[PDB]
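To be precise, the following lines are work33.csv, and they hold CSV, C-alpha atoms.
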chain,number,residue,atom,x,y,z
K,50,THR,CA,6.5,-18.7,9.9
K,51,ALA,CA,8.9,-15.7,10.1
K,52,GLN,CA,10.2,-16.6,6.6
K,53,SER,CA,6.7,-16.5,5.2
K,54,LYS,CA,6.2,-13.1,6.8
K,55,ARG,CA,9.4,-11.8,5.4
K,56,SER,CA,8.4,-13.2,2.0
K,57,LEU,CA,5.1,-11.3,2.4
K,58,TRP,CA,6.8,-8.1,3.2
K,59,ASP,CA,9.1,-8.6,0.2
K,60,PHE,CA,6.0,-9.2,-1.9
K,61,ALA,CA,4.3,-6.0,-0.6
K,62,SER,CA,7.5,-3.9,-1.2
K,63,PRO,CA,7.2,-1.8,-4.4
K,64,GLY,CA,11.0,-2.3,-4.8
K,65,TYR,CA,11.8,1.4,-5.2
K,66,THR,CA,11.3,4.8,-3.4
K,67,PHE,CA,11.2,8.5,-4.2
K,68,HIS,CA,13.7,9.5,-6.9
K,69,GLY,CA,14.8,12.4,-9.0
K,70,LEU,CA,17.1,15.3,-8.6
K,71,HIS,CA,14.7,17.4,-6.4
K,72,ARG,CA,12.7,14.9,-4.4
K,73,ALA,CA,12.3,17.4,-1.6
K,74,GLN,CA,10.7,20.0,-3.8
K,75,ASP,CA,8.8,17.4,-5.7
K,76,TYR,CA,7.3,15.8,-2.6
K,77,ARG,CA,5.8,19.1,-1.2
K,78,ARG,CA,4.6,19.9,-4.7
K,79,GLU,CA,2.8,16.6,-5.3
K,80,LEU,CA,1.4,16.6,-1.7
K,81,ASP,CA,0.0,20.1,-2.1
K,82,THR,CA,-1.4,19.4,-5.6
K,83,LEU,CA,-2.9,16.0,-4.6
K,84,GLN,CA,-4.7,17.3,-1.4
K,85,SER,CA,-6.4,20.0,-3.4
K,86,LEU,CA,-7.3,17.6,-6.2
K,87,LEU,CA,-8.8,14.9,-3.9
K,88,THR,CA,-10.7,17.6,-1.9
K,89,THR,CA,-12.9,18.3,-5.0
K,90,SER,CA,-14.1,14.6,-4.9
K,91,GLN,CA,-17.5,13.4,-3.6
K,92,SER,CA,-16.2,10.0,-2.3
K,93,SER,CA,-15.7,9.9,1.4
K,94,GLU,CA,-12.6,7.7,1.0
K,95,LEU,CA,-10.9,10.3,-1.3
K,96,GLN,CA,-12.0,13.0,1.1
K,97,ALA,CA,-10.4,11.1,4.0
K,98,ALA,CA,-7.2,10.9,2.1
K,99,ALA,CA,-7.2,14.6,1.2
K,100,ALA,CA,-7.9,15.4,4.9
K,101,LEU,CA,-5.1,13.1,6.0
K,102,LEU,CA,-2.7,14.9,3.7
K,103,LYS,CA,-3.8,18.3,4.8
K,104,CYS,CA,-3.3,17.4,8.5
K,105,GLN,CA,0.3,16.3,8.0
K,106,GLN,CA,1.0,19.3,5.7
K,107,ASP,CA,-0.1,21.6,8.6
K,108,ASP,CA,1.0,19.5,11.6
K,109,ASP,CA,4.5,19.7,10.3
K,110,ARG,CA,4.2,23.5,10.0
K,111,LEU,CA,3.4,23.5,13.7
K,112,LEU,CA,6.4,21.4,14.5
K,113,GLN,CA,8.7,23.6,12.5
K,114,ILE,CA,7.7,26.5,14.8
K,115,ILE,CA,8.7,24.3,17.8
K,116,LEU,CA,12.0,23.4,16.2
K,117,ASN,CA,12.8,27.1,15.7
K,118,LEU,CA,12.0,27.9,19.3
K,119,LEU,CA,14.2,24.9,20.3
K,120,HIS,CA,16.9,26.0,17.8
G,2,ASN,CA,-13.8,13.1,-12.8
G,3,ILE,CA,-10.4,12.7,-11.2
G,4,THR,CA,-7.4,11.1,-13.0
G,5,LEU,CA,-4.0,10.6,-11.2
G,6,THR,CA,-0.8,11.3,-13.0
G,7,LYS,CA,2.0,8.7,-12.6
G,8,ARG,CA,3.7,10.9,-10.0
G,9,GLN,CA,0.5,11.2,-8.0
G,10,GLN,CA,0.0,7.4,-8.2
G,11,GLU,CA,3.6,6.9,-7.1
G,12,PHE,CA,3.1,9.5,-4.3
G,13,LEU,CA,0.1,7.5,-2.8
G,14,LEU,CA,1.8,4.1,-3.3
G,15,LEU,CA,5.1,5.1,-1.6
G,16,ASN,CA,3.6,7.1,1.2
G,17,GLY,CA,1.3,4.2,1.9
G,18,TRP,CA,4.2,1.7,1.9
G,19,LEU,CA,6.3,3.8,4.1
G,20,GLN,CA,3.5,4.5,6.5
G,21,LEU,CA,2.9,0.8,6.6
G,22,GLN,CA,6.5,0.3,7.7
G,23,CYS,CA,6.0,3.0,10.4
G,24,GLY,CA,3.2,0.9,12.0
G,25,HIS,CA,0.6,3.3,10.7
G,26,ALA,CA,-1.6,0.7,9.1
G,27,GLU,CA,-4.6,3.1,9.2
G,28,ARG,CA,-2.7,5.8,7.3
G,29,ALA,CA,-1.5,3.2,4.8
G,30,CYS,CA,-5.0,1.8,4.1
G,31,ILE,CA,-6.5,5.2,3.6
G,32,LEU,CA,-3.9,6.3,1.1
G,33,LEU,CA,-3.9,3.0,-0.7
G,34,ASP,CA,-7.7,2.8,-0.8
G,35,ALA,CA,-7.7,6.2,-2.5
G,36,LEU,CA,-5.1,5.1,-5.1
G,37,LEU,CA,-7.0,1.9,-5.8
G,38,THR,CA,-10.3,3.7,-6.1
G,39,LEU,CA,-8.9,5.9,-8.9
G,40,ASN,CA,-6.5,3.3,-10.4
G,41,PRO,CA,-8.0,-0.2,-9.7
G,42,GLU,CA,-5.5,-2.0,-11.8
G,43,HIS,CA,-2.4,-0.6,-9.9
G,44,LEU,CA,-0.9,-4.0,-9.1
G,45,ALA,CA,1.8,-2.8,-6.7
G,46,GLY,CA,-0.7,-0.8,-4.8
G,47,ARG,CA,-3.0,-3.9,-4.5
G,48,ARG,CA,-0.2,-6.0,-3.1
G,49,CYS,CA,0.8,-3.3,-0.6
G,50,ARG,CA,-2.8,-2.9,0.6
G,51,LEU,CA,-3.4,-6.7,0.8
G,52,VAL,CA,-0.5,-7.1,3.3
G,53,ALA,CA,-1.8,-4.0,5.1
G,54,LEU,CA,-5.2,-5.6,5.3
G,55,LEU,CA,-3.5,-8.6,6.8
G,56,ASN,CA,-2.0,-6.2,9.5
G,57,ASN,CA,-5.1,-4.1,10.2
G,58,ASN,CA,-6.9,-7.5,10.8
G,59,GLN,CA,-9.2,-7.6,7.8
G,60,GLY,CA,-8.7,-11.2,6.7
G,61,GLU,CA,-12.0,-11.6,4.7
G,62,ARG,CA,-11.1,-8.5,2.8
G,63,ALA,CA,-7.6,-9.8,2.3
G,64,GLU,CA,-8.9,-13.1,0.9
G,65,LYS,CA,-10.9,-11.3,-1.8
G,66,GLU,CA,-8.0,-9.1,-2.7
G,67,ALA,CA,-5.8,-12.2,-3.1
G,68,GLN,CA,-8.4,-13.9,-5.3
G,69,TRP,CA,-8.5,-10.6,-7.3
G,70,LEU,CA,-4.7,-10.8,-7.8
G,71,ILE,CA,-4.7,-14.5,-8.6
G,72,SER,CA,-7.1,-13.9,-11.4
G,73,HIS,CA,-4.8,-11.3,-12.9
G,74,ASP,CA,-1.7,-13.5,-12.8
G,75,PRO,CA,-2.4,-17.1,-11.7
G,76,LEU,CA,1.3,-17.9,-11.9
G,77,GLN,CA,2.7,-15.3,-9.5
G,78,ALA,CA,3.6,-17.3,-6.4
G,79,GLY,CA,3.3,-14.3,-4.0
G,80,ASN,CA,-0.4,-14.1,-4.7
G,81,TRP,CA,-0.9,-17.6,-3.3
G,82,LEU,CA,1.1,-16.9,-0.2
G,83,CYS,CA,-1.2,-14.0,0.4
G,84,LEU,CA,-4.2,-16.2,-0.1
G,85,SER,CA,-2.8,-18.7,2.4
G,86,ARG,CA,-2.1,-16.1,5.0
G,87,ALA,CA,-5.6,-14.5,4.7
G,88,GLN,CA,-7.3,-17.9,4.9
G,89,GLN,CA,-5.4,-19.1,8.0
G,90,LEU,CA,-6.3,-15.7,9.7
G,91,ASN,CA,-9.9,-16.4,8.7
G,92,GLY,CA,-9.7,-19.8,10.4
G,93,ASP,CA,-9.9,-21.9,7.2
G,94,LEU,CA,-6.7,-23.8,7.8
G,95,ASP,CA,-7.3,-26.6,5.4
G,96,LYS,CA,-7.8,-24.2,2.6
G,97,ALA,CA,-4.8,-22.2,3.7
G,98,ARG,CA,-2.7,-25.3,3.2
G,99,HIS,CA,-3.9,-25.9,-0.3
G,100,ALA,CA,-3.1,-22.3,-1.2
G,101,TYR,CA,0.4,-22.7,0.4
G,102,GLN,CA,1.0,-25.8,-1.7
G,103,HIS,CA,0.3,-23.7,-4.8
G,104,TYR,CA,2.7,-21.1,-3.5
G,105,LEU,CA,5.4,-23.8,-3.2
G,106,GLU,CA,4.6,-25.2,-6.7
G,107,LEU,CA,5.1,-21.7,-8.3
G,108,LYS,CA,7.8,-20.0,-6.1
G,109,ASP,CA,11.4,-19.4,-7.1
G,110,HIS,CA,13.3,-21.7,-4.7
G,111,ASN,CA,16.5,-19.7,-5.4
G,112,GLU,CA,15.3,-16.6,-3.6

What does this structure look like when you write it as structure tokens?
Amino acid sequence: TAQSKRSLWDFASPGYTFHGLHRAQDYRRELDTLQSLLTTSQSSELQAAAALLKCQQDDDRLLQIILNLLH
Amino acid sequence: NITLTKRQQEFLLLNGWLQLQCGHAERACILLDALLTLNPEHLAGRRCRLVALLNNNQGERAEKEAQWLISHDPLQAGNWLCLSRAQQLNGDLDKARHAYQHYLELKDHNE
């Protein structure tokens, strides 16, 4: 049922999102801190999460260069 | 030993939830698995991953997660809807109907 699926998505929703007066600075700060924190772990699952965060942190830096070239 | 601050827990939860909306079920599960490895009692993260498990096609895992949530709050209707959906994905239709009846008995019919 579509209604049950919507009720499921409503149940999964945390009901809020990123907040604060400087969520742009706070996101890059927590991202950089968390990726170095989880890298020190021995669990493969935590290492996978750290590697995923590092990838997007640097894949975006590649896209920023493209945007500058494209103005 | 690693301990997550509240902001770091929030970071993983919200990035996982937003990636799940972006159709990146893999990214969501990796992030939410990491959160729930370090904070196993993070209820909102458990709910988000359970629905993500239902979308990465991991029904047997989803059933155990729903049973985990039910034992923490047996009166929360949404836990029983999650159990019903995992069980019908796993082919146990008759059990999925009993779980759905529990969902109806507990849900807020005003929502």

Using only C-alpha atoms, I'd like a table of the residues in chain G that come within 8 Å of chain K; for each, show the closest atom pair and its distance in Å rounded to one decimal, ordered by chain and ascending number, as CSV.
residue,atom,partner,partner_atom,distance
G:3,CA,K:90,CA,7.5
G:8,CA,K:79,CA,7.4
G:9,CA,K:79,CA,6.5
G:12,CA,K:79,CA,7.2
G:15,CA,K:66,CA,6.5
G:18,CA,K:62,CA,7.2
G:28,CA,K:101,CA,7.8
G:31,CA,K:98,CA,5.9
G:32,CA,K:98,CA,5.7
G:34,CA,K:94,CA,7.2
G:35,CA,K:95,CA,5.3
G:45,CA,K:63,CA,6.0
G:46,CA,K:63,CA,8.0
G:48,CA,K:61,CA,5.1
G:49,CA,K:61,CA,4.4
G:50,CA,K:61,CA,7.8
G:51,CA,K:61,CA,7.9
G:52,CA,K:61,CA,6.3
G:79,CA,K:60,CA,6.1
G:82,CA,K:57,CA,7.4
G:83,CA,K:57,CA,7.1

>> Which residues are close to region 64-70 of chain G, i.e. within 8 Å by only C-alpha atoms, leaving aside same-chain residues fewer than 5 positions away? Reply as a PyMOL selection string.
In response: chain G and resi 44+47+51+75+80-81+83-84+87-88

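Counting from CA of residue 109 (chain K), the distance to CA of residue 5 (chain G) is 24.8 Å.
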
> Using only C-alpha atoms, which residue out of G:27, G:42, G:61, G:95 lies closest to residue 73 (chain G)?
Replying inline: G:42

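Atom to atom, CA of residue 54 (chain G) and CA of residue 30 (chain G) stand 7.5 Å apart.
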